[PDB]
């Protein structure tokens, strides 16, 4: 029947479960103390495998705004904004995004995934081109699949191949180059300055996903593009509320004068219910605080550099030579070593992300650490000690 196609996935998964102890795909946090600590399998555990970059999820203003919105506006919404009306909160979160990014346009979506799906599939039509890195996020590929444009992959992280591939396309049709500021697998950064120069040379529009940079790259925290001096050169910036902001949602911002027309045409925007009052309230409050969260940003980067430098010094192989983002990736030799290391860390009171094939390329086995602004220096030292102990015990270092 229709599920026979999954027999292979089912068998593969079971083999993988049988070879390990804890199922990394079924981690549950049973109680929570903070953005950095929860109980997992009955043990107080430092959280280092989650995307709460700015530790906004327990911010007292964020929480208060969510509670108040529940009280005053209820648990849900009337339906589609366009068809059934909305609370004023939606206009307010879009204004907050305009203010955050310094743009004339902002459109909020129910998720970051849907923001990418919708914007890519709506902007590029039949006969047009979407040009993207070979290792682009799934949501970006899914937007290409949802649309009717031509797809043009370029070799991962290659300015030269972007240039060559773009230059070989027909000149007249409109083109969307889609880039990510941070490559999330290893935590390295895209050469956006150089790539955007290439895109503009070929007359393409540029969309940059800044999901992994919000509040901590660039003078205003707008992202890698801002840090690299590209203010005013990026046609569209897509992001999410689910990493730095601290709730669900997606958005696209732009200065394009016709940007509002996207609401008229974008099916994933039109055909879904608007976000609940509590969600919009937490997002708006968080976004406004992120504009000036200098202390959080400071701690986030200090913590990231401490962890990166500390692990490097211990002899771990990292995904990056320098600490370039809030993701620190430890590279292991094989599937078993990665699982044993991950398990040792978990058993000792540390949760990190494990990434293995086919989620990563064959031959790449990672422990990915995502730093939080609310990690303390002591916690980062504890983490380093836990890595040292597990790494020695397993034989990684």
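Numbering follows the first chain given and starts at 1.
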Item to check | Mean Cα B-factor comparison, 359-367 or 329-337, giving the higher one as deposited | outcome: 359-367
Item to check | Of 224-232 and 293-301, the stretch whose C-alpha atoms average the higher B-factor in the entry | outcome: 224-232
Item to check | Largest Cα B-factor, entry values, listed residues 318, 307, 134, 130 | outcome: 134
Checklist entry - Which of these has the highest Cα B-factor in the record: 182, 280, 97, 261? => result 261
Checklist entry - Looking at the C-alpha B-factor of residue 173, is it in the lowest, middle or highest third of its chain? => result lowest
Checklist entry - Looking at the C-alpha B-factor of residue 67, is it in the lowest, middle or highest third of its chain? => result lowest
Next on the checklist: Using only modelled residues of the chain, where does the Cα B factor of residue 3 rank: lowest third, middle third or highest third?
Outcome noted: lowest
Checklist entry - What third of the chain, by the recorded C-alpha B-factor, contains residue 101? => result lowest
Item to check | residue 347 - Cα temperature factor, lowest/middle/highest third of chain | outcome: middle
